[PDB]
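Chemist: Below you will find the structure I want to go over with you.
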Amino acid sequence: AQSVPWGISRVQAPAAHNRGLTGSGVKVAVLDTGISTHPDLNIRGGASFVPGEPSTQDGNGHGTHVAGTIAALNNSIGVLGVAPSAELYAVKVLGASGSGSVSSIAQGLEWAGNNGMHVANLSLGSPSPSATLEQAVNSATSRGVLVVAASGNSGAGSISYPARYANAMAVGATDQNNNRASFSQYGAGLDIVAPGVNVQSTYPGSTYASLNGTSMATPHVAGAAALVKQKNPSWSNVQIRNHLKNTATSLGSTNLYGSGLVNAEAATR
Ligand SMILES: *S(=O)(=O)Cc1ccc(C=C)cc1
Ligand SMILES: [Ca+2]
Ligand SMILES: [Cl-]
């Protein structure tokens with residue numbers, strides 16, 4: 001049996017699926033700890050930039067979890083992604099510990115821009131800026147990648167990097183009441199929010215697990231971007247980003263929520 005995690009329903013992905021929109025034909029890179038082989042995922046390719054971890059399999063769990071929020075397969079098992087037919091790429095930039103470097107992350111962004119990705123999900127970041135990282139965000143953006151990044155989990163009213171950069175689409179986290187999760191960073195540069203509490207997804211060991219974080223919110227938006235790109239193949243990264251924001255549901259101040267809660271139904275209508 002398949003179930004639909006609450007956040008997938010909250011962003012109204014099923015309404016898009018019912019119009020034939022699944023993310024088919026859209027390439028989405030998950031820049032994270034890898035993605036493990039899993040019967041509810043279809044991994045098309047990828048690359049590793051973590052020295053000593055040359056495989057793209060996931061020794062941590064987070065990247066597999068993020069991948070399933072984007073793209074868990076629509077079938078009779080497991081869960082269901084926002085964009086269940088997205089073409090899914092494992093771009094390992096963080097090791098099994100959950101950390102990498104700005105260089106590995108930048109290499110993953112450059113890979114995305116050199117390999118035809120439409121969306122790059124970066125459920126990662128730091129409170130400090132990075133010139134290396136910034137250059138790579140801008141380069142990927144110039145190559146047509148929509149960079150979608152987590153705002154961070156410190157609870158502060164400023165957002166972390168790379169989400170803070172103008173050419174990243176910064177995503178904060180909401181709870182089941184459509185309030186900002188206490189940990190979700192907010193403030194200048196915040197673009198949008200999505201579910202990030204008690205998010206069930208695919209997990210290594212061919213299982214399913216729940217996590218909290220802006221890392222869980224981000225892939226809802228990356229998946230919604232893929233739905234919008236399938237509907238509107240000619241659109242740029244900027245057009246997709248703007249449309250997601252323009253069709254989001256206001257939840258409160260722009261400082262706290264950006265444009266508000268992503269709405270895949272309104273974005274694909
Ligand atoms: S996540 O699991 O919520 C991990 C994570 C995401 C983002 C940052 C900073 C932007 C840090 C950790
Ligand atoms: Ca499934
Ligand atoms: Cl729906």
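Those letters in the sequence shown? Residues 1 to 36, 38 to 57, 59 to 158, 163 to 275, by PDB author numbering.
Backbone N, C-alpha and C fix where the C-beta goes; we use that ideal spot for every residue, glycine too.
#1: Heavy atom of ligand 1 less than 7 angstroms from the Cβ of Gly-229, yes or no?
#2: Quick check on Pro-40: buried or exposed, where buried means 16 or more other Cβ atoms within 10 Å of its Cβ?
#3: State the DSSP-derived secondary structure class of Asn-269, mapped to helix, strand or coil.
#4: Please report the distance separating the alpha-carbon of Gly-258 from that of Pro-52.
#5: Return the chain-ordered list of same chain residues with a C-beta closer than 7 angstroms to the C-beta of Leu-21, the five sequence neighbours on each side being excluded.
#6: Measuring straight from C-alpha to C-alpha, what distance separates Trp-241 and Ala-92?
#7: Between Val-149 and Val-177, what straight-line distance do the alpha-carbon atoms span, to the nearest angstrom?
#8: Starting from the N-terminal end, write out each residue whose C-beta falls within a distance shorter than 5 angstroms of any non-hydrogen atom of ligand 3.
#9: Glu-112 to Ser-144, Cα distance in whole Å?
#10: By the DSSP assignment, the beta strand (DSSP E) with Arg-45 in it spans what residues?
#11: Check whether the Cβ of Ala-74 sits closer than 7 angstroms to any heavy atom of ligand 2, and report yes or no.
#12: Evaluate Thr-38 with the Cβ neighbour count: other Cβ atoms within 10 Å of its Cβ, from every protein chain shown; 16 or more gives buried, anything less gives exposed.
#13: In terms of alpha-carbon separation, which member of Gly-146, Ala-194, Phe-189 and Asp-181 lies closest to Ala-169?
#14: Below 7 angstroms, is the gap between the Cβ of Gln-2 and the nearest heavy atom of ligand 2?
Modeler: According to the structure shown:
#1: No heavy atom of ligand 1 is found nearer than 7 angstroms to the CB of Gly-229.
#2: Taking all protein chains in view, the Cβ of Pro-40 is surrounded by fewer than 16 other Cβ atoms within 10 Å, so the residue is classified as exposed.
#3: The three-state reading of DSSP puts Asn-269 in coil, since its state is none of H, G, I, E or B.
#4: Linking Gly-258 to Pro-52 through their CA atoms gives a straight-line distance of about 43 angstroms.
#5: Excluding the 5 residues flanking it on each side, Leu-21 has same chain C-beta neighbours closer than 7 angstroms at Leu-233, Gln-236, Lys-237 and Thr-274, in chain order.
#6: Each residue's Cα considered, the two are about 24 angstroms apart.
#7: Distance between the alpha carbons of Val-149 and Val-177 is about 11 angstroms.
#8: Here the list is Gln-12, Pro-14 and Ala-15.
#9: So the two alpha carbons sit approximately 11 angstroms from each other.
#10: Where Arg-45 is concerned, the enclosing beta strand (DSSP E) stretches over 44-49.
#11: The answer is yes for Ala-74.
#12: It counts as exposed.
#13: Cα-wise, what sits closest to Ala-169 is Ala-194.
#14: Yes, ligand 2 has a heavy atom inside 7 angstroms of this Cβ.
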